[PDB]
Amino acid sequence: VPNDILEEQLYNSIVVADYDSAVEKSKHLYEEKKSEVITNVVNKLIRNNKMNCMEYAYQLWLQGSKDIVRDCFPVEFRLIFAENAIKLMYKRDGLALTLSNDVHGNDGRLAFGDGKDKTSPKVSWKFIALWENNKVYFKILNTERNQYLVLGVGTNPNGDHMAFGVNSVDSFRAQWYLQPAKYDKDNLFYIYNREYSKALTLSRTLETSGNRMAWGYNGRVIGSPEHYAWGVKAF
């Protein structure tokens, strides 16, 4: 069976979401010393923005096979599933995600992309994952505040929702799924809110200080990694 067919039979199981199966074929391939099949499948998923590549990294993660994720996927999947201190870097603008100091009403702390601050402990986040409905989701916890990223209910008139940090994961509002993308050679993520299915972005209106408010965005993002997606970087 040429690596042709193997790749496509690994890519298949992944996109119709047969995660159990993709795991097996990936263990075999791996044992059979054909890792380059796995790598290449993965880079193909990430190219084609296949959300299902998060779920295949997660099942490898829980199915004995951590070595496959650290081995054969871009370093981010390790940063994510290993729960490391990371920062969330917006491609468009290059600002790092953070939380305001004071609390905005019952809605929590305001999430923005801070204008100056790229190394302070305030820009530290972890990913914390679950499995529901044959899909992986993340809690996004600011390190300094022990508060989760969340999307508030009220919209502006575009239908955009505001992002804050709250003390609990109460609702589907505080849970996120990711979609991988390339832009050049960087690996990026569109980060959607489970409840509204809107993409985490930074505002186009810019505050005098340099910060941009972060929003759950009501419109298309796909095809514009450089404008929309995020960089996971070790804190």
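Numbering starts at 1 and follows the sequence shown.
Practice task
Please work out which of 45-53 and 29-37 has the higher mean CA B-factor as recorded in the PDB entry.
Solution key: Result of the comparison: 29-37.
Problem - Stretch with the greater mean C-alpha B-factor as recorded in the entry, comparing 112-120 against 70-78 - result: On average, C-alpha B-factors are higher across 112-120.
Practice task
Going by the recorded CA B-factors, say which third of the chain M213 sits in, lowest, middle or highest.
Solution key: Middle third of the chain for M213's C-alpha B-factor.
Exercise for the section: Check where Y192 lands among this chain's C-alpha B-factors and tell me if it's the lowest, middle or highest third. Expected result: Tercile = middle for this residue's CA B-factor.
Practice task
Pull the Cα B-factor of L141 out of the PDB entry and bin it into the chain's lowest, middle or highest third.
Solution key: Within its chain, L141 is a lowest-third residue by C-alpha B-factor, going by the deposited values.
Practice task
Taking the chain's C-alpha temperature factors as the reference, tell me which third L206 falls into: lowest, middle or highest.
Solution key: Highest third, going by the recorded CA B-factors of the chain.
Problem - Chain-wide C-alpha B factor ranking for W131, given as lowest, middle or highest third - result: Top third by C-alpha B-factor.
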